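# Survey of secondary and tertiary structure
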Amino acid sequence: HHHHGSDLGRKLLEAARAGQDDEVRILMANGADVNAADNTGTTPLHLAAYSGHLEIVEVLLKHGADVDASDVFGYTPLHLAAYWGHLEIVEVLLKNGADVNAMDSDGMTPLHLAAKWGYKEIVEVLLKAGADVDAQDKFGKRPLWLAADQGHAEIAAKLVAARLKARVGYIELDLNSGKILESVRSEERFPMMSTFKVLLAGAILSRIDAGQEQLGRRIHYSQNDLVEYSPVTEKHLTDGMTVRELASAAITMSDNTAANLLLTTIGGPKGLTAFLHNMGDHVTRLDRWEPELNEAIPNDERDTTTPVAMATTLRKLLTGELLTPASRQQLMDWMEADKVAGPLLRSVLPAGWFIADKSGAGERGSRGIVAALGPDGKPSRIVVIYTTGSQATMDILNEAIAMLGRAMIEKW
């Protein structure tokens, strides 16, 4: 049944692979088959999408080429376009009704291919076309796993957003230069949650730099002050705690009472926001105290930041000139001793690496972390991740941050 060979169709395959678009059209007027297929089942549209000739793909589909033609390996021309990064061809193939979730022998959809090889724009197109983010390949792997394994953080950020069905903010800064290396929804507002405490530590460290506050100073409080999640301040009800101890509890244990006690020394949220304004952050804003700031009402701008605002502000505190060398080192050391961020970036940190971070959690599926990390004991990069709105469980959210972390760390 292979006897039905056609020199015209054979010539058309070659002209499609060889990019000869005028010859392809000549072979059209001499009656060649737009759906010719070699032994492997490859068609001119397959070869046009493989070699990346937009015009040849155009005319072949104009004349009724099978858009969803599958070769002997299950490859659609969309597979080949996604494998090689041909954005425009992916676009027309979907424009002409290609199957976005076409599966090959191994179960690989085109999203598996584009996500694995870092094709940022094609993923955006496949996603909007309804690519299945849960598609399992021959090995059960899903597209997001392949992205993280290959270190494509932006693609990964988009893929977890799909799974969370919620916005994900993501940005990466070079720790020394400040160059933005990656970004997703970097300018959109997200609830800060307890990640503000790292800013508070900066505001206090600035007043200690000025001599207006002492790490040794002791603050006495009462049972009337304790609030939700106050593990360190509820054990020193009578003897009290020092400013340093309270700041250590705020960062390393996310102690809500210690954070409020320290907020009063600078005039509450209004006072912290004034600090931020005067150092260049006219975006980040603290309005309420712990724990009300974690309410995360949709469209509420209270107690919110943006990934880019927080990231640059944090970089300025840690490497800028807002704090003395001792103070910026003390903030880093406090953050390195974080104890309540284990299931996030730390859960995928390879041995030998440094990380200093602070996490946050709130209502309506809000989860976020700010961090500086890097190989060989020194951090060389800042990462800020936020999400809100998801109704997934806190296990799923925690796993979400970890896969984003893996994606940054991998292929560093």
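Residues numbered from 1 in each chain as written, not as in the entry; some residues may be left out. Heavy atoms only, no water.

## Looking at the overall build of the chain
Scanning the chain from terminus to terminus reveals 17 helices and nine strands. Structurally, the chain occupies a C-alpha span of about 95 × 40 × 35 Å along its principal axes. The buried share of the chain, taken over its 412 residues, is 51%. Looking at the chain alone, contacts between residues at least 24 apart form 64% of all its contacts between residues at least 6 apart. Looking at the chain as shown, the accessible area adds up to about 18200 Å², and 48% of this sits on carbon and sulfur atoms. Here the chain contributes 41 positively and 55 negatively charged side chains, and the mean placements of these two sets differ by 5 Å. (Helix = DSSP H or I, 4+ residues; strand = E, 2+ residues; numbered from the N terminus. Buried < 20%, exposed > 50% of the residue type's maximum accessible area, 1.4 Å probe, protein only. Contact = heavy atoms within 4.5 Å. Areas by Shrake-Rupley, 256 points an atom, 1.4 Å probe, with all protein chains shown as cover. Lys, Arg positive; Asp, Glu negative; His and termini not counted. Charge placed at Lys NZ, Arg CZ, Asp CG, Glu CD.)

## Here we look at helix α11 (residues 197–209)
Relative to the 18 Å expected for 13 residues at 1.5 Å per residue, α11 spans 18 Å between its end C-alpha atoms, a close match to the ideal helical length. A large share of α11 lies buried, amounting to ten of its 13 residues. Residues of α11 that are buried include every one of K197, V198, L199, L200, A201, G202, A203, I204, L205 and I208, and no others. Of the surrounding secondary structure, the elements contacted by the buried residues of α11 are α12 (243–252), α13 (256–264), α14 (268–279), α15 (307–319), α16 (325–336) and β7 (354–362). (Expected span 1.5 Å × (residues − 1).)

## Section: the domain arrangement of the chain
Domain parsing of the chain yields domain 1 (1–147) and domain 2 (148–412). Here domain 1 and domain 2 have C-alpha centroids that lie 45 Å from each other. At the junction of the two partners, domain 1 supplies 18 residues and domain 2 supplies 15 residues. When domain 1 packs against domain 2, the two sides together hide about 1300 Å² of surface, and 68% of this comes from carbon and sulfur. The largest per-residue losses of area from domain 1 upon contact with domain 2 belong to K120, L144 and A147, which jointly make up 44% of the total buried on that side. Inspection of the region where domain 1 meets domain 2 yields three salt bridges. Of the charged contacts in the structure, one is a salt bridge between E124 and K158, with a shortest N-O distance of 3.0 Å. Elements with a minimum of two residues in the side of domain 1 that touches domain 2: α7 (110–116), α8 (120–128) and α9 (143–149). Among the elements that take part in the side of domain 1 that touches domain 2, α9 stands out by supplying five residues, more than any other. Class assignment of the residues belonging to the side of domain 1 that touches domain 2 gives a composition of 13 nonpolar, one polar and four charged. (Domains from an automatic or database assignment. Buried area = accessible area lost by both parts, 1.4 Å probe. Salt bridge = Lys/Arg side-chain N within 4 Å of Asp/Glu carboxyl O. Nonpolar A, V, L, I, M, F, W, Y, C, P; charged D, E, K, R; others polar.)

## What to know about the pairing of strand β2 (residues 180–184)
Here strand β1 (residues 167–174) runs beside β2; their pairing, made up of four bridges, is antiparallel. Bridging from a neighbouring strand, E172 pairs with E182 of β2. Between the end of β1 and the start of β2, which pair antiparallel, lie five residues, with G178 showing a positive phi angle near 95°. (Pairing = 2+ DSSP bridges.)

## Digging into the nonpolar core
The biggest cluster of nonpolar side chains holds 72 residues, and the ones touching the most others in it are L60, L93, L126, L159, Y170 and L345. For this core, the element with the highest residue contribution is helix α10 (residues 153–164), accounting for eight residues. Looking at this core, you find at least three residues from each of domain 1 (1–147) and domain 2 (148–412). What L345 contacts, discounting residues up to four positions off in sequence, is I355, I369, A371, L373, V383, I385, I401 and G405. Core analysis: the next-biggest nonpolar cluster, separate from the first, contains 54 residues, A201, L263, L314 and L331 among them. (Core = buried A, V, L, I, M, F, W, Y, C linked by side-chain atoms within 4.5 Å.)

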